[PDB]
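Source file: start25.pdb (PDB, C-alpha atoms)
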```
ATOM      1  CA  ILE A 171      -8.722 208.353  63.202  1.00  0.00           C
ATOM      2  CA  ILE A 172      -6.827 207.639  66.446  1.00  0.00           C
ATOM      3  CA  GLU A 173     -10.011 207.789  68.515  1.00  0.00           C
ATOM      4  CA  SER A 174     -11.527 205.519  65.920  1.00  0.00           C
ATOM      5  CA  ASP A 175      -8.388 203.397  66.124  1.00  0.00           C
ATOM      6  CA  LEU A 176      -8.660 203.545  69.907  1.00  0.00           C
ATOM      7  CA  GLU A 177     -12.226 202.455  69.554  1.00  0.00           C
ATOM      8  CA  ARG A 178     -10.936 199.781  67.199  1.00  0.00           C
ATOM      9  CA  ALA A 179      -7.909 199.019  69.370  1.00  0.00           C
ATOM     10  CA  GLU A 180     -10.278 198.800  72.280  1.00  0.00           C
ATOM     11  CA  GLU A 181     -12.784 196.934  70.140  1.00  0.00           C
ATOM     12  CA  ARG A 182      -9.990 194.566  69.327  1.00  0.00           C
ATOM     13  CA  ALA A 183      -9.101 194.437  72.996  1.00  0.00           C
ATOM     14  CA  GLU A 184     -12.787 193.587  73.594  1.00  0.00           C
ATOM     15  CA  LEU A 185     -13.078 191.333  70.561  1.00  0.00           C
ATOM     16  CA  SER A 186      -9.898 189.453  71.213  1.00  0.00           C
ATOM     17  CA  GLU A 187     -10.692 189.431  74.943  1.00  0.00           C
ATOM     18  CA  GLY A 188     -14.271 188.529  74.151  1.00  0.00           C
ATOM     19  CA  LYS A 189     -13.177 185.811  71.832  1.00  0.00           C
ATOM     20  CA  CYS A 190     -10.451 184.622  74.114  1.00  0.00           C
ATOM     21  CA  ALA A 191     -13.127 184.453  76.833  1.00  0.00           C
ATOM     22  CA  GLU A 192     -15.365 182.578  74.426  1.00  0.00           C
ATOM     23  CA  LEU A 193     -12.441 180.260  73.823  1.00  0.00           C
ATOM     24  CA  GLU A 194     -11.951 179.939  77.567  1.00  0.00           C
ATOM     25  CA  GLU A 195     -15.536 178.749  77.668  1.00  0.00           C
ATOM     26  CA  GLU A 196     -15.089 176.562  74.568  1.00  0.00           C
ATOM     27  CA  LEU A 197     -11.836 175.318  76.053  1.00  0.00           C
ATOM     28  CA  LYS A 198     -13.371 174.564  79.392  1.00  0.00           C
ATOM     29  CA  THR A 199     -16.213 172.904  77.524  1.00  0.00           C
ATOM     30  CA  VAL A 200     -13.934 170.711  75.469  1.00  0.00           C
ATOM     31  CA  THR A 201     -11.664 170.223  78.477  1.00  0.00           C
ATOM     32  CA  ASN A 202     -14.635 169.095  80.476  1.00  0.00           C
ATOM     33  CA  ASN A 203     -15.819 166.977  77.568  1.00  0.00           C
ATOM     34  CA  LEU A 204     -12.299 165.661  77.273  1.00  0.00           C
ATOM     35  CA  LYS A 205     -12.253 164.940  80.978  1.00  0.00           C
ATOM     36  CA  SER A 206     -15.617 163.253  80.580  1.00  0.00           C
ATOM     37  CA  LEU A 207     -14.431 161.221  77.584  1.00  0.00           C
ATOM     38  CA  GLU A 208     -11.142 160.572  79.302  1.00  0.00           C
ATOM     39  CA  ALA A 209     -12.951 159.534  82.414  1.00  0.00           C
ATOM     40  CA  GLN A 210     -15.220 157.482  80.202  1.00  0.00           C
ATOM     41  CA  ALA A 211     -12.376 156.038  78.220  1.00  0.00           C
ATOM     42  CA  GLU A 212     -10.608 155.462  81.527  1.00  0.00           C
ATOM     43  CA  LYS A 213     -13.643 153.846  83.036  1.00  0.00           C
ATOM     44  CA  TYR A 214     -13.651 151.680  79.975  1.00  0.00           C
ATOM     45  CA  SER A 215      -9.905 151.109  80.219  1.00  0.00           C
ATOM     46  CA  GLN A 216     -10.560 150.134  83.803  1.00  0.00           C
ATOM     47  CA  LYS A 217     -13.307 147.812  82.636  1.00  0.00           C
ATOM     48  CA  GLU A 218     -10.961 146.542  79.973  1.00  0.00           C
ATOM     49  CA  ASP A 219      -8.500 145.925  82.765  1.00  0.00           C
ATOM     50  CA  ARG A 220     -11.158 144.295  84.895  1.00  0.00           C
ATOM     51  CA  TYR A 221     -11.980 142.120  82.007  1.00  0.00           C
ATOM     52  CA  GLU A 222      -8.333 141.604  81.240  1.00  0.00           C
ATOM     53  CA  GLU A 223      -7.852 140.498  84.786  1.00  0.00           C
ATOM     54  CA  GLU A 224     -10.942 138.301  84.367  1.00  0.00           C
ATOM     55  CA  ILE A 225      -9.751 137.255  80.891  1.00  0.00           C
ATOM     56  CA  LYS A 226      -6.547 136.184  82.459  1.00  0.00           C
ATOM     57  CA  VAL A 227      -8.511 134.523  85.189  1.00  0.00           C
TER      58      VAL A 227
ATOM     59  CA  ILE B 171      -3.206 210.116  74.916  1.00  0.00           C
ATOM     60  CA  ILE B 172      -5.785 208.329  72.828  1.00  0.00           C
ATOM     61  CA  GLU B 173      -2.901 206.840  70.856  1.00  0.00           C
ATOM     62  CA  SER B 174      -1.216 205.838  74.098  1.00  0.00           C
ATOM     63  CA  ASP B 175      -4.486 204.230  75.150  1.00  0.00           C
ATOM     64  CA  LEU B 176      -4.688 202.855  71.600  1.00  0.00           C
ATOM     65  CA  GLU B 177      -1.261 201.350  71.938  1.00  0.00           C
ATOM     66  CA  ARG B 178      -2.279 199.866  75.233  1.00  0.00           C
ATOM     67  CA  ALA B 179      -5.671 198.863  73.875  1.00  0.00           C
ATOM     68  CA  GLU B 180      -3.948 197.457  70.840  1.00  0.00           C
ATOM     69  CA  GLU B 181      -1.510 195.865  73.236  1.00  0.00           C
ATOM     70  CA  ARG B 182      -4.518 194.434  74.990  1.00  0.00           C
ATOM     71  CA  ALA B 183      -5.805 193.300  71.655  1.00  0.00           C
ATOM     72  CA  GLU B 184      -2.435 191.645  71.088  1.00  0.00           C
ATOM     73  CA  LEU B 185      -2.257 190.191  74.597  1.00  0.00           C
ATOM     74  CA  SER B 186      -5.859 189.110  74.383  1.00  0.00           C
ATOM     75  CA  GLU B 187      -5.273 187.890  70.851  1.00  0.00           C
ATOM     76  CA  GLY B 188      -2.235 186.187  72.231  1.00  0.00           C
ATOM     77  CA  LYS B 189      -4.465 184.539  74.804  1.00  0.00           C
ATOM     78  CA  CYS B 190      -7.099 184.009  72.144  1.00  0.00           C
ATOM     79  CA  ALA B 191      -4.605 182.179  69.984  1.00  0.00           C
ATOM     80  CA  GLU B 192      -3.205 180.316  72.963  1.00  0.00           C
ATOM     81  CA  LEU B 193      -6.636 179.242  74.005  1.00  0.00           C
ATOM     82  CA  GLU B 194      -7.423 178.426  70.430  1.00  0.00           C
ATOM     83  CA  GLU B 195      -4.323 176.260  70.300  1.00  0.00           C
ATOM     84  CA  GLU B 196      -5.315 174.740  73.623  1.00  0.00           C
ATOM     85  CA  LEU B 197      -8.863 174.501  72.386  1.00  0.00           C
ATOM     86  CA  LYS B 198      -7.738 172.668  69.368  1.00  0.00           C
ATOM     87  CA  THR B 199      -5.315 170.559  71.326  1.00  0.00           C
ATOM     88  CA  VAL B 200      -7.978 169.675  73.825  1.00  0.00           C
ATOM     89  CA  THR B 201     -10.636 169.358  71.138  1.00  0.00           C
ATOM     90  CA  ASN B 202      -8.270 167.165  69.167  1.00  0.00           C
ATOM     91  CA  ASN B 203      -7.747 165.215  72.319  1.00  0.00           C
ATOM     92  CA  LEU B 204     -11.512 165.286  72.790  1.00  0.00           C
ATOM     93  CA  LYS B 205     -11.920 163.813  69.363  1.00  0.00           C
ATOM     94  CA  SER B 206      -9.202 161.238  69.879  1.00  0.00           C
ATOM     95  CA  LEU B 207     -10.873 160.544  73.199  1.00  0.00           C
ATOM     96  CA  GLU B 208     -14.285 160.384  71.645  1.00  0.00           C
ATOM     97  CA  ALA B 209     -12.741 157.842  69.350  1.00  0.00           C
ATOM     98  CA  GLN B 210     -11.124 156.184  72.327  1.00  0.00           C
ATOM     99  CA  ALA B 211     -14.113 156.363  74.543  1.00  0.00           C
ATOM    100  CA  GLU B 212     -16.032 154.652  71.777  1.00  0.00           C
ATOM    101  CA  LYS B 213     -13.250 152.263  70.862  1.00  0.00           C
ATOM    102  CA  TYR B 214     -12.932 151.641  74.556  1.00  0.00           C
ATOM    103  CA  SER B 215     -16.663 151.078  74.917  1.00  0.00           C
ATOM    104  CA  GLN B 216     -16.258 148.676  72.045  1.00  0.00           C
ATOM    105  CA  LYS B 217     -13.291 147.149  73.839  1.00  0.00           C
ATOM    106  CA  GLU B 218     -15.495 147.140  76.944  1.00  0.00           C
ATOM    107  CA  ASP B 219     -17.668 144.866  74.787  1.00  0.00           C
ATOM    108  CA  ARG B 220     -14.792 142.960  73.039  1.00  0.00           C
ATOM    109  CA  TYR B 221     -13.305 142.226  76.427  1.00  0.00           C
ATOM    110  CA  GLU B 222     -16.706 141.518  77.913  1.00  0.00           C
ATOM    111  CA  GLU B 223     -17.156 139.189  74.963  1.00  0.00           C
ATOM    112  CA  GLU B 224     -13.805 137.624  75.605  1.00  0.00           C
ATOM    113  CA  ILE B 225     -15.083 137.061  79.141  1.00  0.00           C
ATOM    114  CA  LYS B 226     -18.369 135.685  77.901  1.00  0.00           C
ATOM    115  CA  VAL B 227     -16.630 133.438  75.413  1.00  0.00           C
TER     116      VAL B 227
END
```

For this file, produce the structure as structure tokens.
Amino acid sequence: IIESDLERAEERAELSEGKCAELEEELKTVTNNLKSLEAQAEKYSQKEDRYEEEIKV
Amino acid sequence: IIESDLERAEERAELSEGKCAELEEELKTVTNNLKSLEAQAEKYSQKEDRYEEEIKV
């Protein structure tokens, strides 16, 4: 039972590690997509500012 | 011994699950930021156009 629970504890170490690694990849993916969207939103906020500067002009 | 490895493997499952949950929370935070940023990148692209339109007008 204990060996099976070790296999399970280890499986859970692997599953939770596996999944946390999958989440690291999902996280990096959404972080990179966030950075892209943030950079995009920022490029737009910069364009908004360029226009705002030009709007003011 | 197997139990000690189990406890450690379970501990790894808990530590890894800890990380899994932390990454999940970060994933969701970042993903939620991604989504708010998707909304902002688009609202900003729209503002890029509303402002461009204010310039054109």

Kindly assemble as a Markdown table a list of the chain B residues that lie within 8 Å of chain A, each paired with its nearest atom pair and their distance in Å to one decimal, using only C-alpha atoms, sorted first by chain and then by ascending residue number.
```
| residue | atom | partner | partner_atom | distance |
| --- | --- | --- | --- | --- |
| B:172 | CA | A:173 | CA | 6.1 |
| B:173 | CA | A:172 | CA | 6.0 |
| B:175 | CA | A:176 | CA | 6.7 |
| B:176 | CA | A:176 | CA | 4.4 |
| B:177 | CA | A:179 | CA | 7.5 |
| B:179 | CA | A:180 | CA | 4.9 |
| B:180 | CA | A:179 | CA | 4.5 |
| B:181 | CA | A:183 | CA | 7.7 |
| B:182 | CA | A:183 | CA | 5.0 |
| B:183 | CA | A:183 | CA | 3.7 |
| B:184 | CA | A:183 | CA | 7.5 |
| B:186 | CA | A:187 | CA | 4.9 |
| B:187 | CA | A:186 | CA | 4.9 |
| B:189 | CA | A:190 | CA | 6.0 |
| B:190 | CA | A:190 | CA | 3.9 |
| B:191 | CA | A:190 | CA | 7.6 |
| B:193 | CA | A:193 | CA | 5.9 |
| B:194 | CA | A:193 | CA | 6.3 |
| B:196 | CA | A:197 | CA | 7.0 |
| B:197 | CA | A:197 | CA | 4.8 |
| B:200 | CA | A:201 | CA | 6.0 |
| B:201 | CA | A:200 | CA | 5.6 |
| B:203 | CA | A:204 | CA | 6.7 |
| B:204 | CA | A:204 | CA | 4.6 |
| B:207 | CA | A:207 | CA | 5.7 |
| B:208 | CA | A:207 | CA | 6.0 |
| B:210 | CA | A:211 | CA | 6.0 |
| B:211 | CA | A:211 | CA | 4.1 |
| B:212 | CA | A:211 | CA | 7.5 |
| B:214 | CA | A:214 | CA | 5.5 |
| B:215 | CA | A:214 | CA | 5.9 |
| B:217 | CA | A:218 | CA | 6.6 |
| B:218 | CA | A:218 | CA | 5.5 |
| B:221 | CA | A:221 | CA | 5.7 |
| B:222 | CA | A:221 | CA | 6.3 |
| B:224 | CA | A:225 | CA | 6.7 |
| B:225 | CA | A:225 | CA | 5.6 |
```

Let me make sure I understand: if you superpose chain A onto chain B using all C-alpha atoms paired in order, what RMSD in Å results? 1.7 Å

If I wrap all listed atoms of stretch 178-197 of chain B in a box with edges along x, y and z and add 4 Å on each side, what are its centre and edge lengths in Å to one decimal, as lines of an AutoDock Vina configuration file?
```
center_x = -5.2
center_y = 187.2
center_z = 72.6
size_x = 15.4
size_y = 33.4
size_z = 13.2
```

Where atoms are missing, can you supply N, CA and C atoms for stretch 190-225 of chain B and output the lot as a PDB file, in the frame of the given file?
```
ATOM      1  N   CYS B 190      -6.103 184.581  73.042  1.00  0.00           N
ATOM      2  CA  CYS B 190      -7.099 184.009  72.144  1.00  0.00           C
ATOM      3  C   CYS B 190      -6.466 182.881  71.344  1.00  0.00           C
ATOM      4  N   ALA B 191      -5.312 183.163  70.754  1.00  0.00           N
ATOM      5  CA  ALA B 191      -4.605 182.179  69.984  1.00  0.00           C
ATOM      6  C   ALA B 191      -4.138 181.050  70.863  1.00  0.00           C
ATOM      7  N   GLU B 192      -3.694 181.354  72.077  1.00  0.00           N
ATOM      8  CA  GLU B 192      -3.205 180.316  72.963  1.00  0.00           C
ATOM      9  C   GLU B 192      -4.326 179.405  73.353  1.00  0.00           C
ATOM     10  N   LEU B 193      -5.474 179.985  73.632  1.00  0.00           N
ATOM     11  CA  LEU B 193      -6.636 179.242  74.005  1.00  0.00           C
ATOM     12  C   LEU B 193      -7.128 178.488  72.835  1.00  0.00           C
ATOM     13  N   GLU B 194      -7.021 179.071  71.649  1.00  0.00           N
ATOM     14  CA  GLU B 194      -7.423 178.426  70.430  1.00  0.00           C
ATOM     15  C   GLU B 194      -6.546 177.220  70.202  1.00  0.00           C
ATOM     16  N   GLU B 195      -5.250 177.359  70.445  1.00  0.00           N
ATOM     17  CA  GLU B 195      -4.323 176.260  70.300  1.00  0.00           C
ATOM     18  C   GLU B 195      -4.622 175.207  71.339  1.00  0.00           C
ATOM     19  N   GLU B 196      -4.951 175.640  72.555  1.00  0.00           N
ATOM     20  CA  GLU B 196      -5.315 174.740  73.623  1.00  0.00           C
ATOM     21  C   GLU B 196      -6.666 174.163  73.321  1.00  0.00           C
ATOM     22  N   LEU B 197      -7.535 174.951  72.715  1.00  0.00           N
ATOM     23  CA  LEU B 197      -8.863 174.501  72.386  1.00  0.00           C
ATOM     24  C   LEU B 197      -8.725 173.421  71.405  1.00  0.00           C
ATOM     25  N   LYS B 198      -7.942 173.652  70.379  1.00  0.00           N
ATOM     26  CA  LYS B 198      -7.738 172.668  69.368  1.00  0.00           C
ATOM     27  C   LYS B 198      -6.995 171.493  69.912  1.00  0.00           C
ATOM     28  N   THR B 199      -6.028 171.694  70.788  1.00  0.00           N
ATOM     29  CA  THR B 199      -5.315 170.559  71.326  1.00  0.00           C
ATOM     30  C   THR B 199      -6.256 169.700  72.125  1.00  0.00           C
ATOM     31  N   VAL B 200      -7.038 170.336  72.972  1.00  0.00           N
ATOM     32  CA  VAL B 200      -7.978 169.675  73.825  1.00  0.00           C
ATOM     33  C   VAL B 200      -9.100 169.085  73.026  1.00  0.00           C
ATOM     34  N   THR B 201      -9.574 169.799  72.015  1.00  0.00           N
ATOM     35  CA  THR B 201     -10.636 169.358  71.138  1.00  0.00           C
ATOM     36  C   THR B 201     -10.097 168.186  70.345  1.00  0.00           C
ATOM     37  N   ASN B 202      -8.845 168.252  69.922  1.00  0.00           N
ATOM     38  CA  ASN B 202      -8.270 167.165  69.167  1.00  0.00           C
ATOM     39  C   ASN B 202      -8.122 165.990  70.084  1.00  0.00           C
ATOM     40  N   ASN B 203      -7.819 166.263  71.353  1.00  0.00           N
ATOM     41  CA  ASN B 203      -7.747 165.215  72.319  1.00  0.00           C
ATOM     42  C   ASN B 203      -9.148 164.745  72.590  1.00  0.00           C
ATOM     43  N   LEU B 204     -10.129 165.641  72.561  1.00  0.00           N
ATOM     44  CA  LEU B 204     -11.512 165.286  72.790  1.00  0.00           C
ATOM     45  C   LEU B 204     -11.893 164.315  71.733  1.00  0.00           C
ATOM     46  N   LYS B 205     -11.588 164.643  70.487  1.00  0.00           N
ATOM     47  CA  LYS B 205     -11.920 163.813  69.363  1.00  0.00           C
ATOM     48  C   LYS B 205     -11.182 162.498  69.410  1.00  0.00           C
ATOM     49  N   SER B 206      -9.901 162.500  69.804  1.00  0.00           N
ATOM     50  CA  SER B 206      -9.202 161.238  69.879  1.00  0.00           C
ATOM     51  C   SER B 206      -9.782 160.458  71.031  1.00  0.00           C
ATOM     52  N   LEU B 207     -10.247 161.157  72.059  1.00  0.00           N
ATOM     53  CA  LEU B 207     -10.873 160.544  73.199  1.00  0.00           C
ATOM     54  C   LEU B 207     -12.280 160.138  72.917  1.00  0.00           C
ATOM     55  N   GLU B 208     -12.953 160.798  71.995  1.00  0.00           N
ATOM     56  CA  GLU B 208     -14.285 160.384  71.645  1.00  0.00           C
ATOM     57  C   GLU B 208     -14.082 159.076  70.938  1.00  0.00           C
ATOM     58  N   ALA B 209     -13.065 159.044  70.065  1.00  0.00           N
ATOM     59  CA  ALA B 209     -12.741 157.842  69.350  1.00  0.00           C
ATOM     60  C   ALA B 209     -12.301 156.783  70.316  1.00  0.00           C
ATOM     61  N   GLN B 210     -11.539 157.146  71.340  1.00  0.00           N
ATOM     62  CA  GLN B 210     -11.124 156.184  72.327  1.00  0.00           C
ATOM     63  C   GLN B 210     -12.239 155.841  73.245  1.00  0.00           C
ATOM     64  N   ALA B 211     -13.075 156.769  73.642  1.00  0.00           N
ATOM     65  CA  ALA B 211     -14.113 156.363  74.543  1.00  0.00           C
ATOM     66  C   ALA B 211     -14.979 155.371  73.799  1.00  0.00           C
ATOM     67  N   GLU B 212     -15.234 155.606  72.508  1.00  0.00           N
ATOM     68  CA  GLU B 212     -16.032 154.652  71.777  1.00  0.00           C
ATOM     69  C   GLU B 212     -15.259 153.388  71.498  1.00  0.00           C
ATOM     70  N   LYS B 213     -14.000 153.477  71.108  1.00  0.00           N
ATOM     71  CA  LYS B 213     -13.250 152.263  70.862  1.00  0.00           C
ATOM     72  C   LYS B 213     -13.141 151.489  72.133  1.00  0.00           C
ATOM     73  N   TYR B 214     -13.039 152.226  73.234  1.00  0.00           N
ATOM     74  CA  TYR B 214     -12.932 151.641  74.556  1.00  0.00           C
ATOM     75  C   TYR B 214     -14.262 151.041  74.981  1.00  0.00           C
ATOM     76  N   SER B 215     -15.368 151.634  74.534  1.00  0.00           N
ATOM     77  CA  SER B 215     -16.663 151.078  74.917  1.00  0.00           C
ATOM     78  C   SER B 215     -16.803 149.804  74.117  1.00  0.00           C
ATOM     79  N   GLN B 216     -16.240 149.824  72.911  1.00  0.00           N
ATOM     80  CA  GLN B 216     -16.258 148.676  72.045  1.00  0.00           C
ATOM     81  C   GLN B 216     -15.341 147.642  72.629  1.00  0.00           C
ATOM     82  N   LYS B 217     -14.203 148.061  73.188  1.00  0.00           N
ATOM     83  CA  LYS B 217     -13.291 147.149  73.839  1.00  0.00           C
ATOM     84  C   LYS B 217     -13.948 146.653  75.100  1.00  0.00           C
ATOM     85  N   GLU B 218     -14.731 147.517  75.749  1.00  0.00           N
ATOM     86  CA  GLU B 218     -15.495 147.140  76.944  1.00  0.00           C
ATOM     87  C   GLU B 218     -16.391 145.947  76.587  1.00  0.00           C
ATOM     88  N   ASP B 219     -16.882 145.955  75.350  1.00  0.00           N
ATOM     89  CA  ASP B 219     -17.668 144.866  74.787  1.00  0.00           C
ATOM     90  C   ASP B 219     -16.807 143.728  74.219  1.00  0.00           C
ATOM     91  N   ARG B 220     -15.654 144.015  73.596  1.00  0.00           N
ATOM     92  CA  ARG B 220     -14.792 142.960  73.039  1.00  0.00           C
ATOM     93  C   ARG B 220     -14.205 142.147  74.164  1.00  0.00           C
ATOM     94  N   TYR B 221     -13.882 142.846  75.247  1.00  0.00           N
ATOM     95  CA  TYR B 221     -13.305 142.226  76.427  1.00  0.00           C
ATOM     96  C   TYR B 221     -14.407 141.512  77.181  1.00  0.00           C
ATOM     97  N   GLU B 222     -15.581 142.134  77.230  1.00  0.00           N
ATOM     98  CA  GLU B 222     -16.706 141.518  77.913  1.00  0.00           C
ATOM     99  C   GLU B 222     -17.044 140.242  77.147  1.00  0.00           C
ATOM    100  N   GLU B 223     -16.908 140.315  75.825  1.00  0.00           N
ATOM    101  CA  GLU B 223     -17.156 139.189  74.963  1.00  0.00           C
ATOM    102  C   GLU B 223     -16.062 138.191  75.187  1.00  0.00           C
ATOM    103  N   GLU B 224     -14.814 138.621  75.336  1.00  0.00           N
ATOM    104  CA  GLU B 224     -13.805 137.624  75.605  1.00  0.00           C
ATOM    105  C   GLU B 224     -14.156 136.944  76.919  1.00  0.00           C
ATOM    106  N   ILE B 225     -14.653 137.686  77.907  1.00  0.00           N
ATOM    107  CA  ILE B 225     -15.083 137.061  79.141  1.00  0.00           C
ATOM    108  C   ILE B 225     -16.242 136.137  78.917  1.00  0.00           C
TER     109      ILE B 225
END
```
